[PDB]
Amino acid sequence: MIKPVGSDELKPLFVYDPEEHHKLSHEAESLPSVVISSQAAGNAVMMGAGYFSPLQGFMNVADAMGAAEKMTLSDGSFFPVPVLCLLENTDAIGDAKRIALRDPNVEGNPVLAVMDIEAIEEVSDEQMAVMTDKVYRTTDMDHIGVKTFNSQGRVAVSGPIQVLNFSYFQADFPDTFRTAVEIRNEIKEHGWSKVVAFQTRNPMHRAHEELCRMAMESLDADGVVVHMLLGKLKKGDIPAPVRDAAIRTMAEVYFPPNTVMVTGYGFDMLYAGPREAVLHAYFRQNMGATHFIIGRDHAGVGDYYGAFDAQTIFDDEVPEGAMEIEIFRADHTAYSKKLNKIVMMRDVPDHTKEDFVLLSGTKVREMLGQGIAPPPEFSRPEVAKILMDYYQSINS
């Protein structure tokens, strides 16, 4: 199968041996502890699940600066963004060098990981500014990711960690959450070799369903892994049970036998656009995908990034040979009146404007919300049923 990034085998930090796991959980409860930031917690879950292989724990400032400035760590390995554990201070742990990291996102603040501290460093303004500007391509505090990065304090605690659980990401979504280790196992169980990954948080209307099918056909891929970013419900969001059902129904009814897996992972989105797209490729390679779809304004927010910047970063900023996964560059889809099917407009240079009909995901959901079925070119009835059954229970 495709190799992991930077090693031959994945190096997850979750304690898979049950005896050692119980031992550590027991020791952890007696250790000095600190509640880390939601960002640091998601970083730990990704390392515990194998997504950030082969990282062994939280980076010191030299490695974080290297990831930010050159996507290169102090050992010369490739990694695209800093993976830090920033705190306001170290009051909570004083001089202890072995501590428990507690989860800010689960009531009671349970232990999430055990850490051996190798250094405690104060990040300077200059350094924080380089890490912010290089990753987010702006230092504007109105960019939510920039604000989040800069609202955790300046004390960087670095060293190796062992992870005890996958926070609320597995607890709340037991059927969807997967480690990179298990997605590789499932890809093999399916007998797939080339596999294209697609990230989504929204239910998939026909447009993204067709994008996945087009990419699978043009790449001659054996299957698609829909890899949902799992997280806390925000105002206006569609509840996961509904979103999950909508995507599973699309897979079950419209995809050929043995071509789609529906899964999820836990991390806090950076909204960093291009650099986050490189991170997305990195952990999709670790989970076993040979190809990853990146469309317009991938992982973006606001007006900070150019439409195709998250594709071109792979041509002009990612070091040569960094990864083995390939990018499938997507673009807007539409119904072609000439071909009577959904296409990416860029793939049919002979068409005219009047030859296409477009309906955005946003407009589709707006109609669904009013109990109106969009045209079949844009909405599958079985999927629409699920979403309208939901919307009518709250919009009536």
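Start at 1 with the first residue shown and count on from there.
- Set 329-337 against 361-369 and average the Cα temperature factors; 361-369 ends up higher.
- Mean CA temperature factor is higher for 248-256 when stretches 205-213 and 248-256 are set side by side in the entry.
- Highest CA B-factor among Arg184, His190, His227, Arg98, as stated in the entry: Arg98.
- The maximum CA B-factor among the listed residues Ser74, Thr290, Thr312, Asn165, taken from the PDB record, is found at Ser74.
- Placement of the Cα temperature factor of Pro12 within the chain: lowest third of the modelled residues, per the deposited record.
- Annotation for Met323: CA B-factor lies in the lowest third of the chain's modelled residues.
- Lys147: CA B factor lies in the middle third for its chain, per the PDB record.
- For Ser158, the recorded CA temperature factor ranks within the middle third of the chain's modelled residues.
- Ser38: CA B factor lies in the middle third for its chain, per the PDB record.
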